[PDB]
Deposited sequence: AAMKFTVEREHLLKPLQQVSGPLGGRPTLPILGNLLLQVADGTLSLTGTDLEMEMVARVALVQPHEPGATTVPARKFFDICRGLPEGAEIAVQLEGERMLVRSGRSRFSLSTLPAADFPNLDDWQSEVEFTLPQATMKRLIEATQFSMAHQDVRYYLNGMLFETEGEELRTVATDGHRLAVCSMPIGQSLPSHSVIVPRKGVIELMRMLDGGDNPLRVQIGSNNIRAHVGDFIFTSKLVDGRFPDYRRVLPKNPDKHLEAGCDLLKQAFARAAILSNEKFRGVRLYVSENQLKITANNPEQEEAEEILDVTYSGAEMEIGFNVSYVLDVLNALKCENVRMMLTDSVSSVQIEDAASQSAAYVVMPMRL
């Protein structure tokens, strides 16, 4: 009610942008603003997740709290000139924003009505560089399901075991797995982070040198990075046993230049069925032939020089799944591990086993 603060525009922008990340209830469209002991806290929530930003206050201030429309407040702050001093105070049930000769009066909702996230205890904690969390997410995110009825597939598995953190994502047709050493002995734990949580967690990594502190409870996950705290509910489901689906002992190995392979699959794709995306691979001695056809009886054929010595074989794949893997890999050469035409194929960088991709074929 007596909440007062003055802060430079540039010290508000990134915090305002981060908290607006997570309606039906009017208060969920607001940001909770709190002034307490030299800090301004900003909180945004969708009930499933919340983002809290802390801004140090070097200019005079008075304690208190309020809720203000998020988009309107951010747009005012963003719309002000570079270097503007933003003076904020309450006057009745209105929030007053003043800068230069610009005055704004915004509607408020009491701070006491802002939804608090349910208290929980962390069961596993670890610290990680931001780049490690970024690599784990980026290497696997494209493999998560898109609004699948097996709801546990729409998120990403976060699994700790020994000194390692691993991410796993699948849609039941293709899978991605990334394992990274974290240098801290961890209890064995597995949780599913929802799609929106993964996006928010990725969006919070500024690409700087501040480490990420992760706390995982039974039904919640918390990530602290610099002056930001992101909390998300976990997906209440059981992830499939992905260990079962990695080819254990493949008898066929193919190696090819990533760029040439990606370009050939990209051109073949043009003439694949628009909904089904099926392409045929014919593997023979040091050769890969890629074919595609559609209901219009149009046909594409690509012939490439590869490294391959095994038995001749034909295998069908959804070309979008193959292209997704080739675009996720950023290496000179790729290696493909195969058994037969009705079994999964493993794809990986020919010089790194950090990330593995498993694609189930299509019936030809």
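Numbered from the first deposited residue, the sole unresolved range runs 23-26.
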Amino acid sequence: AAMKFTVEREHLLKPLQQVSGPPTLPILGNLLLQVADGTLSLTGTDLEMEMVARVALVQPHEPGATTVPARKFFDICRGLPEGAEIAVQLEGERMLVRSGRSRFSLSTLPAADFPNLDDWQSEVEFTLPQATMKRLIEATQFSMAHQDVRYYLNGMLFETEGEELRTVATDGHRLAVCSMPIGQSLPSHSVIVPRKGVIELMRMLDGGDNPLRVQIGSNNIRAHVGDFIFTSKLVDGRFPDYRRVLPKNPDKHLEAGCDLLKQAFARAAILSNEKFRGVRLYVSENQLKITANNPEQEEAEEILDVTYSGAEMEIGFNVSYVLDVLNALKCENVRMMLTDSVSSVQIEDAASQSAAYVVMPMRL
From here on, numbers count along this sequence of modelled residues.
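Basically, rigid core = biggest C-alpha set you can superpose within 1.5 Å across the two forms.
Per-stretch RMS Cα distance to the displayed form in 8 other deposited structures of this protein, following rigid core alignment, is highest for 245-253 when 286-294 and 245-253 are compared. Relative to the shown model and aligned on the rigid core, the C-alphas in 8 other deposited structures of this protein deviate most, among 308-316 and 32-40, for 308-316. Annotation: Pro15 does not belong to the positions left without coordinates in a third of the other compared entries; each one with flanking residues models it. According to the PDB record, 97-105 carries the higher mean C-alpha B-factor of the two stretches 261-269 and 97-105. Taking the mean C-alpha B-factor of each stretch as recorded, 110-118 and 130-138 are not equal, and the higher mean is that of 110-118.
If you compare the C-alpha temperature factors of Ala176, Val245, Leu281, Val214 in the entry, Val245 comes out highest. The PDB entry assigns the greatest CA B-factor among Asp75, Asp171, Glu85, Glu159 to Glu85. Compared with the other modelled residues of the chain, the Cα B-factor recorded for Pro194 ranks in the lowest third. Split the chain's modelled residues into thirds by C-alpha temperature factor. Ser309 is in the highest one. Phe239 sits in the middle third of its chain by CA B factor, as recorded in the PDB entry. Among all modelled residues in this chain, the alpha-carbon of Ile315 has a temperature factor (C-alpha) in the lowest third. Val225: CA B factor lies in the middle third for its chain, per the PDB record.
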